[PDB]
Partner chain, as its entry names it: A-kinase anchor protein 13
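Here you get one chain, nothing else, as structure tokens; it is the form solved without the partner chain.
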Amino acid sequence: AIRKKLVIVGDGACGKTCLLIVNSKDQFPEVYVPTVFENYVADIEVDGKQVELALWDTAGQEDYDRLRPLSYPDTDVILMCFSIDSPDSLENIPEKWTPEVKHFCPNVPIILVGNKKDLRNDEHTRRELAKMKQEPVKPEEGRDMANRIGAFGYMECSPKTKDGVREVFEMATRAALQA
């Protein structure tokens, strides 16, 4: 079986840990974990061959900036996340996450992931953003950002509803196999 390492990065509260949990497990207890602290793998078949993906979670808050690069050695694919309910998290993609990953993971493919797709049409989300004259991220803004940062692709998903999640890991596997 082919062995590849995936790392997930992005602002806090954007759904990173949930994305890793929903694709790897059938049940998760009632506990909040900042990062997956157990060895989670994704077993994916692509083009008629079996790939095993080690999934490495990170903490996006600034207090962790100094220790986060311990997760980067020998990465084969990056999932770089923002949340569709947070325009601020999208702004941090070119400003923080892109230069950090390009430094520690040179030439490693990046999948830009717009998480929490279910909140784009959520009434409560729309009201909370609207009160500050904001709105959910539009798909065209994510495509534009993937062009700006040189990502391998842009995908949207919801760890909550599961929509789009399998496709994220399949494209990440395809990307990891190119090099």
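Numbering follows the first chain given and starts at 1.
The same protein also exists as the form deposited with the partner chain bound; that form is not shown, yet it is the one meant from here on.
In the deposited bound form, the partner chain sits beyond 4.5 Å of every heavy atom of residue 123. Within 4.5 Å of any heavy atom of the partner chain in the deposited bound form lies no heavy atom of residue 130. Although the partner is absent here, residue 38 sits close enough that one of its heavy atoms falls within 4.5 Å of the partner chain in the deposited bound form.
Residue 52 belongs to the set of residues with a heavy atom inside 4.5 Å of the partner chain in the deposited bound form.
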